[PDB]
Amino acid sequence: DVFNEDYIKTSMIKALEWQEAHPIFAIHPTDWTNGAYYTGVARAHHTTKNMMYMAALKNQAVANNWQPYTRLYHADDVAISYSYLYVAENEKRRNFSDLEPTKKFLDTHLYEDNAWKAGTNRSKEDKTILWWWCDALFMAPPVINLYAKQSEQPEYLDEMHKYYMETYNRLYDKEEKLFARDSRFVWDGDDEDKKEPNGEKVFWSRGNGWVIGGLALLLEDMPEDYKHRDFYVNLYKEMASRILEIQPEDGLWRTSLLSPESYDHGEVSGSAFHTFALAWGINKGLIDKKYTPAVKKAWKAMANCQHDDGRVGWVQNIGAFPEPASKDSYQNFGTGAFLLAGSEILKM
């Protein structure tokens, strides 16, 4: 019974236990894959207050010495600080959490020059603004926002806004209400554009999941009266509206948003970010309650991809565009997304 509150809490614990027994990273335990994963752990804790989530969060923060990863120009490398900030706020204990290494990262990232800001890169991926790919909008903005809030330094939000607007102005497709992953996927309108197998624009489900899930985390903690809030609220509603509209019949979004018929089964990690962001918006009254059944159908479909031992399956491995997954494929960020969806499904 996938909608039963104890079912959902037990499924969430089992997903945590499975992933804790299978640690994984792309390049380091402090990298974006674990940052996204522990961000989901953090929200699962926020909803259930179960000590086991907080144990895992504290475990990893201590093991990593409260360090972000080390490419200071690189948004991916600060995603882990969300978990650090969350524990610092929610574990009231002196001589324990340390936010200095996060502060140091953010100061360099935001205020120091680097090759990406300088716009001197000449590659296909076009690495000529700080956040030149859409996934960055999950990795850095929610951390800068929670940092600004906890430290009472609103100026970080201004710097966040400047870079978020650059990404938005480059990659947000105003006609389709979805983000291209990077400049390669923006159309010039001719026979050399990158297209899906059915000829449509490429909009990657997890790619857009990062953005919309980043919006839900952002709006969760951004001040009510922040001077640019309306910009974020409206982007969130526009993207939510499209994602709802293109949700496949069986409830799971495919890895390709506009060419879902290219895949035989839906993909869990992008679907989990959408279900998180959607359930969040319904719970906050930003999205009409009549959308509850669509958000529940996704939840049901993802719940049925979870193995008896807790593994969250049907997750596409690391990438930058639509690719297949299978029933045993997993990743820590995919467990993280499932934990995010569950943490909001529980509040409906």
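The first residue of the shown sequence is 1; numbering continues from there.
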Mean B factor on CA atoms, stretches 260-268 and 130-138, record says higher is 260-268
Mean Cα B-factor comparison, 301-309 or 63-71, giving the higher one as deposited: 301-309
Tell me, please, which of 28, 58, 289, 43 has the highest C-alpha B factor according to the deposited entry? 289
Just the C-alpha B-factor column, please: which of 182, 77, 200, 91 has the biggest number? 91
Could you tell me which third, lowest, middle or highest, the C-alpha B-factor of residue 327 occupies within its chain? highest
Entry-reported Cα temperature factor of residue 321, expressed as the chain third it lands in: highest
Which third of the chain does residue 39 land in by C-alpha B-factor: lowest, middle or highest? lowest
Split the chain's modelled residues into thirds by Cα B-factor; residue 194 lands in the middle
Can you work out whether the C-alpha temperature factor of residue 283 puts it in the lowest, middle or highest third of the chain? highest
